[PDB]
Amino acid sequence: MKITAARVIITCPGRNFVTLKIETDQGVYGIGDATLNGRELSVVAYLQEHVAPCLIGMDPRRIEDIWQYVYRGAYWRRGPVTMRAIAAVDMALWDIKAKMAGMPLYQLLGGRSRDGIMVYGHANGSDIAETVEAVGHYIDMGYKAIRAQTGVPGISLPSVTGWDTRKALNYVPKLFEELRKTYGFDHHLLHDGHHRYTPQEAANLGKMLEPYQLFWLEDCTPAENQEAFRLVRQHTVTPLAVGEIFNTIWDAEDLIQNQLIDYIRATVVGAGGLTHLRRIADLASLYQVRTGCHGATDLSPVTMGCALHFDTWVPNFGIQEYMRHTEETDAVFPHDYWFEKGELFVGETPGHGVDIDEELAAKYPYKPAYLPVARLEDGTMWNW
C-alpha cells in the first residue's frame, strides 16, 4: 500500500481552515486539520513544499514510523508550525486506518469509556451584570459547565487590546461571587486568565477565587518556564489548567510530574495528532491530571471529530471545550458528531467521521485575519 498524494486544501467559510488530504493507491483516503490561527499559510508551505513530497510512496499504515519520520526528520524539532503539520498527517493516517478497519476511530484507541462528552460554554459580557445573564443562558441550555469571561470597566491587521492587572484583580473575583450568589454551586464555573498574570498575581487571583469553587483557572500565567506554576500551586487550591498553545509533551512534562496542574489543554491539532496527544494523556494520568482539550472555532470540525473520538476513549477525560462553527463551515466539513443538552457525541462512521467537500470549500477563498495583541496602559507589549 502506498500514499499517492498529500494535498493541502484551504478554505474560509466564516474563518480560515487548512486541511490535508492523504490519498492512497488503494482508493481509501484521510484528512487532517493543520489550521494555525493567524499564521495559517506557514503550515501550508511546510506541508506542500516540504513534508508532502516525502510522504509520496510511503506506506500509510505505518502511523508511528511516519510520525517519527516527520518529527525527527525535520531536525529542527517541535514548534507551532512543525507540530501542526505533523498533526494533520497523523490525523489523516488514523482516519485512513479506522476506515480500513471499518470502525469509528475511538474503537481503535481502545473503545469507549463513556457515552456523552461533557463540554463547557462561553458566557461573555461587557460587565458582571451582562456576564451573569450570559451564564444563566448557558445554564438554561443544559450546560453542566460554563466559562465566564467579563470585560473590566476601566481597561486586516492585529487589533490592539489594553490591559491592567490591578483592575482585573479587583473586578474578576466579584464576577464569581455574584455568580455563586445568583446560581448557587451546582454548576461547574471556569475562568481563562489568558496569560495576563505573573505567578504571584495568579496565586493572588486563585486564592481570591477559592470560596467560589471554580472548575479551573486556565492559562493564569505564561508557561514557557514550567516552574512558573509552582508559586501558584503552593498558594491556592483553585484548580489550574493550561496547554492550548503547547505543541509537544515537553511543554508540560514538568507541570504534570510536579503536580502543578489539574487539566492538560493540549489538542490533537496543536500537539501532533492522536499519536502524541495519547502520550500526553498517559503521562497526565499517572498524576491524576485530566484532559480538558482546547476547542475554540479556529480548530476545524476535523479536529473536533478527532478530539471527540479521543475524548470518548481516554480514561482520564476531564472536559471538552466547545465553540460552535458557522453553518457554512459545517457544510464544507460534513461530520458525524452532534450536540445535545450540554454534551457532544461522536458517531459510528468509520474513520474520524469527518470529510471535506472540496467543491464547496473552493467557494470560500482564503482571507487573512490576525489574533489580537495586548499592551499595558504605558504601551508595554504584553500577552493577549
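Position 1 is the first residue in the sequence shown; the rest follow in order.
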*From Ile155 to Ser156, how many deposited residues does the entry skip: none, 1 to 3, 4 to 9, or 10 or more?*
10 or more
*Name the higher of the two by mean Cα B-factor in the PDB entry, 37 to 45 versus 324 to 332.*
324 to 332
*Compare the mean C-alpha B-factor of 65 to 73 with that of 342 to 350 as given in the PDB entry, and name the stretch with the higher value.*
342 to 350
_From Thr161, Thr165, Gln213, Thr248, residue of greatest CA B-factor_ = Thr161
_If I read the C-alpha B-factors straight from the PDB entry, which of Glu218, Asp262, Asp311, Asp186 is highest?_
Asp186
*Sorting the chain's CA B-factors, does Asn124 end up in the lowest, middle or highest third?*
highest
_Could you place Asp115 in the lowest, middle or highest third of its chain by Cα temperature factor, using the values in the record?_
highest
*Among all modelled residues of this chain, ranked by Cα B factor, put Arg230 in the bottom, middle or top third, i.e. lowest, middle or highest.*
highest
*Could you look up the Cα B-factor of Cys54 in the entry and say which third of the chain it sits in: lowest, middle or highest?*
highest
*In terms of the CA temperature factor given in the entry, to which third of its chain does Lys181 belong: lowest, middle or highest?*
highest
